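Residue numbers (our numbering), protein chains in the order written: chain A, 1 to 120; chain B, 121 to 246; chain C, 247 to 372; chain D, 373 to 497; chain E, 498 to 711; chain F, 712 to 925; chain G, 926 to 1139; chain H, 1140 to 1353.
Here a beta-carbon is modelled for each residue, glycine too, at the ideal position from N, C-alpha and C.
Heads up, the thing below is written out as structure tokens.
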């Protein structure tokens, strides 16, 4: 499994940027998003998509969703961007989401290279 | 859950009157619509009449209009009466009262759409 | 030529039953396969079920299996019924019956393949 | 249950004829039906029968291949005796009878049936 | 209080099929108002059976039938006294099964006594050759007549080859004491063989039945 | 912090009355704990309506109901997920209106989606001939049943001539997520048409509602 | 003297069933006004067939149908030009057979050209597993429609174990030149396999058909 | 020889759900190559359970899965030694069930030992409030990975008001000794509660499972 991110860049405050995490295995993986200005937890989605979790500082503005067709590909829809959002954003994959692991980066096995998001 | 209790039947002669009662009991807070059905000894339950849950609408089968009257008891919750006047031998049947939440054109005359039923009482007119 | 006239719809409550009828008439000697379709106010005609011209094969959409039942009337020619048990508010639509010579896997669910259609009847589940 | 027969009359050898046995009443039951014929002087002889559901039909030896019994798919408790290639030996009064179920020991015995029709005359010249 | 929402039953069948006598003992349980029941049946005498189990499966319980409120439950109301039923099953190839049964309530659980006779089955037919594989779902049209409840079923047995094998079934149900008779209605029945050993001396069944109007 | 002291809502209605299809879009605001609300409705399709607006006015919001402390506000607690309600309105002359509705919270404001069907209104009746003028103050008897909240109203429509046009209303309110149901209580409702243009394609509504113990 | 009291025919069938392609050649004779005929069929290509011969037997001749004097034999009058027919057989388990046929007269004998396609037969079904043994006597309901003659048949195949296997058959017969269409009537058909070798590569058939009024 | 066409099994489960300890002993039987099985479960400790039985029902057996010839039966070949499996079931409302299990063969019958832990079920949720009635039919996606057999299931429980309660299930099946793994395929599962007494202390289940290609 190889996670390839895309969709970053420079955007103004209040714009909208969609990040994508593409995987290159038969298993459907749970996928979470992190950001680093240590890598802090942004959100996560279960392997089947039935559950989603969000850090408090992004609730309502950020939305995570799995693509229906392409396997193990999720999106991080970012709305109402703030200067506090500027960081390198990493996606990661793991077998299942648990309350004790989903926000800890060490418990994730495969990681993406990481895209830069600068809110000017 | 509601429990309907019928009474008032028996043997009468043609031309006589008779008054059936349908007393309900239970924890329910709902005012139910109430319909009356009758079942000949060798037939199915036939619609006689029905009164809306609020008393504002009452419907009667053609073969009982003018002779039969249905009314609610304004003092006791979900208690209705079937006043049968000018009885004819054709009216011989076991009579049932039934309850349901609301009356519609497509359901009020169909026995299967009623969820609560009384024990039934025999009415024989000689 | 066939003329399909439906009846049996109306207003019911969730969990009730309703039997739709599709009475046919005309000069035709042919026994036709019959399909049932339904359509929400802003949707397309969705396949409900179908019965072969001889009644030996019946097909059901997945969202109605176990609850709906199509059957041919052995007494009246080219009239079929749709028995709808344990209705849900999802089932609210205008229901159509349609006739065609033979059922094939690739055509029986496509409304454009049926030549004769009923006027539709309204089934509302509250 | 009242059995009403019809369809009899005078025909010639080789002609066809269809007898009807139409019941009427407040009955809910589907009845097995049997057909019997009686020449004057003789007793009622078995012709055929059909099960209450219509899945099984039985025929006497002297009518196999020519007579056909069928239930009416539209009218309850109504059977037909279709008579083809009639012969003078088929001249008799034909009765239709009804009973709950057919058994091997009772389907060919007239006294075992409960209900009977008035009978209709068939004469083959 | 008499018929609880959960009820056990015991069943004993003494029978003969084409001259082969046998006995079957079984225990079951179910939910009579939901119309569901299971049973484990054991051939205690005359095993292994040289004929298809499927002719015996519909003889092991119509108190476990879900009824709408507007259909009086004739057979439930017959207890604690109970009821009896008699049935003839005519197969399309001349095979015949006749059954008489007694249904009682003892120690808060149903007691079923069955006597069965099967005759006229062809030696090469699907029954004696054990080439059946279960009943299709059926619909028993039941109606009152002469103080008793009667039922008519056109039933179809599935065959291992892939064909069908038809039966016409008539049953009369008689309560031991006079109880109120209902109008005519239909009972949808689905009977499953849920497990069985190699020679069908231990068989498990599951039946779901619900009443509705015609 | 979910249901604030001031809350806006948007409402869309898709309706049909005696075969006449129409659509209505609306925007509203109110104070849900004070039991007051206003709205401006606009007919966006099928205007002008050939029937009386009054049969539509009570279908455009029981989160805006004042409640004492000892009455659990079932509908307010259902948010942000929301609730659904279904209603049957039976009029005295056979007129029938059925309504289904979905209520939810999106971007801090209520979202209402309404589907309405009205039939069997006599062509010379007051609804079809536009002879009504406003609802009288009503009292909705609320009570729990079968895991949901139910309401009964005997509503009266004022006639331009001088009489009254009566209706019996039953509604079932069900939260999407199970929340604490209240006991039986009453809700006094006053619904006013505050303004309208000539053909009633633009209508302003105000409603004041408060719960009280029986 | 176009259709004599004795007539031979030659038949060729190109077929495919569940992907197995084959050719059959046959010669037959019969008495068309007596409604009787026989034929001997040989699997000339693609033999031996891995499926039941019985699905092909009814595709090898309604000119050999005895008619009463008051029923116009529509297919006899179509000659010397002849007629075509098209047929769909739908089996109870999903198997589908479609047939097209051309019938002409050449050198005083009938020439039959048949094309058949069978699909969707279950691999464990009686057709693919060769578990059938002949068609029950059937009744074809014939009626005019849209300038053509049409026939409906509900046919039953007997199975070796002793069951049945049902098919619904619709056929459209059309004369090349317009001839008098008859009224609606029935055709009783008895089709027998009189002989066959081990692998059904050589088969003899006999058929008796006669028309009668409803 | 090892896995006969009819096989019995015994199962014991020790569990804790929201801090409520319990024990369950069960006896079952089935036909491992037809994919069918039944069992009778008895709560021997901690009864009556204060939660929905439905979360326990799928923990009481994939040796009873019908397989095509082209799919290696990894779990069947693991016997007589057997296999273990571990399972995470995540419900939509935060409830989590973890299960470890050991499957072995002793005296010609399967032995099942189950350790279950359920947590974080909300107090007003359908599991704690017993508002469920059975699993909808499910499809388990099976595939090999890291020398083990894995399965993914999107499961949906039916709610008392006709709603649905979703769960995501992942399981790892590991043979005690290395055995040929299959490719990717699907297993259709149908699990029924065939009977249960008043407080779900005696429960009967029936399951049908069969493999098919993607």
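Interface flag, residue i vs chain E, CB-CB below 8 Å
{"i": "residue 484 of chain D", "result": "no"}
{"i": "residue 1059 of chain G", "result": "no"}
{"i": "residue 428 of chain D", "result": "yes"}
Residue i versus residue j - alpha carbon distance
{"i": "residue 713 of chain F", "j": "residue 821 of chain F", "result": "11 Å"}
{"i": "residue 1232 of chain H", "j": "residue 199 of chain B", "result": "44 Å"}
{"i": "residue 836 of chain F", "j": "residue 907 of chain F", "result": "22 Å"}
{"i": "residue 221 of chain B", "j": "residue 831 of chain F", "result": "20 Å"}
{"i": "residue 1132 of chain G", "j": "residue 1111 of chain G", "result": "16 Å"}
{"i": "residue 968 of chain G", "j": "residue 1087 of chain G", "result": "27 Å"}
{"i": "residue 1229 of chain H", "j": "residue 1344 of chain H", "result": "22 Å"}
{"i": "residue 1318 of chain H", "j": "residue 1236 of chain H", "result": "28 Å"}
{"i": "residue 145 of chain B", "j": "residue 246 of chain B", "result": "33 Å"}
{"i": "residue 234 of chain B", "j": "residue 219 of chain B", "result": "6 Å"}
{"i": "residue 27 of chain A", "j": "residue 669 of chain E", "result": "58 Å"}
{"i": "residue 834 of chain F", "j": "residue 828 of chain F", "result": "16 Å"}
{"i": "residue 414 of chain D", "j": "residue 464 of chain D", "result": "10 Å"}
{"i": "residue 320 of chain C", "j": "residue 442 of chain D", "result": "14 Å"}
{"i": "residue 563 of chain E", "j": "residue 679 of chain E", "result": "14 Å"}
Same chain, Cβ closer than 7 Å to residue i, neighbours up to 5 away in sequence not counted
{"i": "residue 1282 of chain H", "result": "1289 and 1323"}
{"i": "residue 893 of chain G", "result": "With chain G represented from 926 up to 1139, any question about residue 893 of chain G goes unanswered, as that position is not in the structure."}
Cutoff 8 Å: residue i Cβ touching any chain B Cβ
{"i": "residue 570 of chain E", "result": "no"}
{"i": "residue 861 of chain F", "result": "yes"}
{"i": "residue 253 of chain C", "result": "no"}
Cutoff 8 Å: residue i Cβ touching any chain C Cβ
{"i": "residue 880 of chain F", "result": "no"}
{"i": "residue 241 of chain B", "result": "no"}
{"i": "residue 725 of chain F", "result": "yes"}
{"i": "residue 1109 of chain G", "result": "yes"}
Interface flag, residue i vs chain D, CB-CB below 8 Å
{"i": "residue 610 of chain E", "result": "no"}
Those residues which DSSP pairs with residue i across a bridge
{"i": "residue 1331 of chain H", "result": "H:1345"}
{"i": "residue 1274 of chain H", "result": "H:1296"}
{"i": "residue 801 of chain F", "result": "F:807 and F:879"}
{"i": "residue 1251 of chain H", "result": "H:1150 and H:1242"}
{"i": "residue 402 of chain D", "result": "Per DSSP, none; premise fails for residue 402 of chain D."}
Contacting residues, own chain, Cβ-Cβ under 8 Å from residue i (five flanking each side not counted)
{"i": "residue 952 of chain G", "result": "933, 934, 935, 936, 964 and 965"}
{"i": "residue 227 of chain B", "result": "220 and 233"}
Which listed residue (the options) has its alpha carbon closest to that of residue i
{"i": "residue 635 of chain E", "options": "E:707, E:540 and E:585", "result": "E:707"}
{"i": "residue 532 of chain E", "options": "E:501, E:595 and E:598", "result": "E:501"}
{"i": "residue 574 of chain E", "options": "E:559, E:585 and E:583", "result": "E:559"}
{"i": "residue 1305 of chain H", "options": "A:51, A:55 and A:21", "result": "A:51"}
{"i": "residue 1295 of chain H", "options": "H:1309, H:1274 and H:1312", "result": "H:1274"}
{"i": "residue 604 of chain E", "options": "E:689, E:699, E:630 and E:577", "result": "E:577"}
{"i": "residue 1095 of chain G", "options": "C:368, C:333, C:298 and C:305", "result": "C:298"}
{"i": "residue 686 of chain E", "options": "E:511, E:638, E:699 and E:602", "result": "E:638"}
{"i": "residue 1123 of chain G", "options": "G:999, G:1079, G:1012 and G:974", "result": "G:974"}
is_contact[residue i, chain G] using C-beta, thresh 8 Å
{"i": "residue 651 of chain E", "result": "no"}
Contacting residues, own chain, Cβ-Cβ under 6 Å from residue i (five flanking each side not counted)
{"i": "residue 137 of chain B", "result": "205"}
8 Å Cβ cutoff, residue i in contact with chain H
{"i": "residue 791 of chain F", "result": "no"}
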